[PDB]
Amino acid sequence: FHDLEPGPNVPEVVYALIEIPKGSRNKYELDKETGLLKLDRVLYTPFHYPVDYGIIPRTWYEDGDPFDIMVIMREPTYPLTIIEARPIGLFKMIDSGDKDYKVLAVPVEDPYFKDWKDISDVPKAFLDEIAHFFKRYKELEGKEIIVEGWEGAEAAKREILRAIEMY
């Protein structure tokens, strides 16, 4: 089952339940019916998840699916691992005509990112790398998405607080 919480200070520090460790071509997903890790699909192209992709406990990103969070990690964690994350941005894209934003966060417990606190704290090539990833990783799956851009911490925190109360 799951019943864990959104995290400590909330908009400030949040919990990140990881499903896909950086470097994976295999896209996993936490099962709601079981609570165990299940294989969603193997990316049709040689893309490797650029970050530790996961969700934030008990959040409701409109309808259904929890709010997804991308944690920058210098060494991938294992699926189903909880991370205390400091949001720093909001990746904004539209899939089937709808907003499909995601929280770009960073690890609290890794001094490397101690002074990282807002998109303008992340080299641009990286952001473009995460962006270029969602833009093409499902293309062979007959899906194309429209990318809008990013937003800083506040928007992130802003969306999180919401997604949570919406939950």
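Residues carry their position along the shown sequence, with the first being 1.
For the pair 80-88 and 93-101, the mean Cα B-factor is higher in 93-101. Across the two stretches, 14-22 and 149-157, the PDB entry reports the greater mean Cα temperature factor for 149-157. Listed residues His48, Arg136, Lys32, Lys27 were ranked by CA B-factor as deposited; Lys32 comes out on top.
Out of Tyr53, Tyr44, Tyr61, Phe126, it is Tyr61 whose C-alpha atom has the highest B-factor in the PDB entry. In this PDB entry, the Cα temperature factor of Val106 sits in the middle third of its chain's modelled residues. In this PDB entry, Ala131 carries a Cα temperature factor that places it within the lowest third of its chain's modelled residues.
Remark: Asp65 belongs to the highest third of its chain, ranked by C-alpha B-factor as recorded. In the PDB entry, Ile119 places in the highest third of its chain by CA B-factor.
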